[PDB]
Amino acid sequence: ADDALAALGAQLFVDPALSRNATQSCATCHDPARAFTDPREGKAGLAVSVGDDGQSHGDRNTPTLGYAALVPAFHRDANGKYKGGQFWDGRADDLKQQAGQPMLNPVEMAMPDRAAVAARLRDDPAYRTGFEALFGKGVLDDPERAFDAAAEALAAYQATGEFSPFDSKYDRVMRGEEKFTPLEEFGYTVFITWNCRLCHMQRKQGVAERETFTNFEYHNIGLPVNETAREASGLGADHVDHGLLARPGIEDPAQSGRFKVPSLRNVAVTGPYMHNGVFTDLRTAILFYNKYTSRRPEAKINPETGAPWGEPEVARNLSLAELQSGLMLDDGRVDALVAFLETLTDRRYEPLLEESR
């Protein structure tokens, strides 16, 4: 059952029959060979993904599903900080609430409704047998049950060790089964002494048992609009991605422009970066942080364009207290961090490291 439900999810996950035109499965955009992200080229490069219709582009980068099962369900903590949830703006509560969405999203898999999804599941005798053994007879006859069952099978599948194996070098090193290179060890020291750790470590203090390099909080780090992705998405020149403020139920204008801190696990192989896939290279994502600390003019220029980073999409609610650390990362420290962030790659994606390198 705990195995069988994940097993059913495994099948759904790769089944393109869950898309309108049958071209697209979860695996299409969350490609297992690419740490569950989208290797496909669209009108905005790798920044945003193309739906089942073969034309529609999303407005956000497709995030890894690796370690997404470690994120807590979305909640407000006692200090008034929102934490957890799924999607960049935390608008899904958890994996199960997220799962049905790509399915019905006309920009993604674009099934017209629950009833069309159920009908798909029905046509396959393996589903009828797999679903019925877990959820009961006639489950596939009830669109609401079938759709929820599918979401739960998918959520259970993403919670398996296949998605969060913890077998990165970093893990191996924390187990004492090996050591960091000197560069890696310095990256690690920087990471934990500089401001990164104020957002990219599970805990404020103490040691986490299954660290995924995010505190699950929401921060506006002052990223500019990704012009090409925003063109591809068709959302308009006047459109503002309000991040967490777009979550239904969030009204507080202080949440405008804040996004979930992503896990750094497999960061090395899941470029391009940030919620709109604005930066292609890992080192560029790191350099971006120097714009709050460095006085050198170069710190204000995106190295990938040679132009200013650009005005923040949302100029208010910047995490200035954390971002303006009073210390700039020199290049030695940025190299050290890249090396440290690469130790975060799962074993099976270690071969992908060569091409990024």
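In case it trips you up, residue 1 is the first one in the sequence shown, and so on.
The PDB entry records a higher mean C-alpha B factor for 343-351 than for its counterpart among 343-351 and 330-338. Stretches compared: 307-315, 37-45. Higher mean C-alpha B-factor in the entry: 37-45.
Within the selection 241, 217, 93, 123, the deposited Cα B-factor values reach their highest point at 123. Comparing the C-alpha B-factors of 72, 143, 271, 222 in the entry, the top value falls on 143. When the modelled residues of the chain are ordered by their C-alpha B factor, residue 247 lands in the middle third. The PDB entry assigns residue 170 a C-alpha temperature factor belonging to the middle third of its chain's modelled residues. When all modelled residues of the chain are sorted by CA temperature factor, residue 58 is found within the middle third. In the PDB entry, a CA B factor belonging to the middle third of its chain's modelled residues is recorded for residue 101. Ranked by C-alpha B-factor against the other modelled residues of its chain, residue 201 falls in the lowest third.
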